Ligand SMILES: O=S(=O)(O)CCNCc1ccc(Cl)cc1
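Shown here is one chain on its own, the form deposited without this ligand, set out as structure tokens.
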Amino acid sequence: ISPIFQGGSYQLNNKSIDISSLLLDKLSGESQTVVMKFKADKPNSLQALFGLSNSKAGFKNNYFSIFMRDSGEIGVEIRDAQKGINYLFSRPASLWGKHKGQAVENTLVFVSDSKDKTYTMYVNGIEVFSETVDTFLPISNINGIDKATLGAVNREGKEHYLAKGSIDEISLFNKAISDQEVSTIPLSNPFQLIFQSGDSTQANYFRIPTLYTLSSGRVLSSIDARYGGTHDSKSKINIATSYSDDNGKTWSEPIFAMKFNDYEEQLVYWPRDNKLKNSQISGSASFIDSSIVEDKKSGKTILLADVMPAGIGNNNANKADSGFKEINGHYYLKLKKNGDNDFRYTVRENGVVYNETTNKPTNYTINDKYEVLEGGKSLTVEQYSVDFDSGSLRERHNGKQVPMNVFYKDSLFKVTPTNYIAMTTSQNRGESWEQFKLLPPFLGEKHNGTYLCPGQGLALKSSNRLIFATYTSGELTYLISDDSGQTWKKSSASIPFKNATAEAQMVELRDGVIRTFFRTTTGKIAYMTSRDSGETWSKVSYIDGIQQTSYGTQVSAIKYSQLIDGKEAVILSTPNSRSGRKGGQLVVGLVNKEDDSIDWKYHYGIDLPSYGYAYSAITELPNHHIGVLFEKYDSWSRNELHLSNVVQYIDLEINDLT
């Protein structure tokens, strides 16, 4: 249909604009759609963009509003005191503010659907909420509506929720337009989506992005596909990947690099209310925190991730057990058989399950998928599914059988309930991935796995050496391979920290010289340097000039291939805030060749200081642009759990940054 009203170029300068005469007589029927293209790069803390109200004395709670907050939250109110209805629907981190020095034109579509009794909000082509109610309130049927307003709500003849911004276009339709119709509305987005709700992963949530530029020019990304809301392990989480062959313009349909099948891949709306939001899938195995590198020797792409057994995460992993028995310099995975209270078995050569107490082999073997075989034949378990149909999270068997895996809750043989690191490889630059293999333990029989630093591993320029950063209590633990990941050794570097989440990323400043930037508990990003290709490490220093919170956030880091201001350059990506995970920046530093020190010369704001920015991935695209894939929300805040389509990709040029 055609809009019953359409106007534009409205400047909202803390002063309401009345559009009553142009709109109120046209409002008809119980279903409406509002389409609004608007900018707000200096919003007030809470402001209404559009209001429909009964403006009379005594009726201050009779109105409809579309509002936003300076946090980037968008919402609506739908209120009628005589009907006893007071609806408030919203979602944090729904908006953009600025991009490349210009206010972003956000495209908002709000559908009020009387037949399905549903209110649905889209911003920038993303469905941010969809709420069905028992008693529907048509926005046109609020008792005594007599005012239509831009940039405020008129209550008792006075302006509430005054807005600063502009509405470039606004249209109203007397119909609830379909999802299909919504998708045809042209957007002006500064970002794109690589992974998204409803894609091939069937995860509704994503966290922990990575990017890496391959020698062929293909750009590869990995991610946590998180099924049970945004929670870290314990949960159901898989590692997914996608690549671009056109410098980030388009991306492949995602595939899995590491996955478990003990729980179904379900697209679930995870509850955001204060009773249920901490609901957590508690019987599933998971992978978490991935990292990518390309190997020059084999040409293979190598991906590492943490592996969590069923119901295990950082908080409950056995810190004093590696999960392996060392026997004469060989490490064997320990197993516990159902019924036993101890681990009386090991996985030996050729996958033979060996009884340690009788020193004889059993009739059981483990294949390369870590699946259990008895007399060469595959054992199975029954898969689980999750639901909230009873009002709380329930995890239950679903009638489907899958191969029995030693990482599963239902397995006859189970691994130690602790965290591990696994690796997979791809021989076709991310078009498929091999079955994962566990890395050996690096800190002895009585220490859990170190924790992989998400992002990039480091391939050295003048050798075939690969390095992956990991952390544990009291140190960074660099994992080094000189043979395409076939064998590994550790290089430990002490850090002035107990129990820190010391997520670290590396850049090669010049041949054999590596600088590692890492998260701390001090509110400052730290660094150390190696001058022997990772064998040994310097004391720790700190960057003055970038702020983090007390708990910190992952920092991603690259060495740019081109000179900037005639100097070699490093680029960091991080929130720059003492307060929260917000105020995302790229920080460009120039290297002083005298002493390898870095002058942090340029700061580019990704978006408003108050808008969310958490974990991030950066890479130089083959065309010398910079690609950034990042969590556009505050991933620490307990108010911003379980948001869909907040991991977003942008393309920047060096001139944008300087």
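Note that residue numbering begins at 1 and tracks the sequence as displayed.
Same protein, other form: the form deposited with this ligand bound, not shown, and the subject of what follows.
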For the chain shown here without its partner, which stretch in 255 to 263, 69 to 77, 309 to 317, 132 to 140 has non-hydrogen atoms within 4.5 angstroms of this ligand in the bound PDB entry? 309 to 317
With the partner left out here, check for me: in the bound PDB entry, does some heavy atom of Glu371 sit within 4.5 Å of this ligand? no
Answer with yes or no whether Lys236 is in contact with this ligand in the bound PDB entry, where contact means some heavy atom within 4.5 Å. no
Do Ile223 and this ligand come within 4.5 Å of each other in the bound PDB entry, heavy atoms counted? no
Looking in the bound PDB entry, any heavy atom of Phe64 within 4.5 Å of this ligand? no
Candidate from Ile194, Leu335, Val111, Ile288 lying within 4.5 Å of this ligand in the bound PDB entry - any heavy atom: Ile288
May I ask you to choose, among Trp537, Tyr471, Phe407, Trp270, the residue with a heavy atom within 4.5 Å of this ligand in the bound PDB entry? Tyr471
Heavy atom within 4.5 Å of this ligand in the bound PDB entry - qualifying residues of 502 to 523: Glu503, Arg519
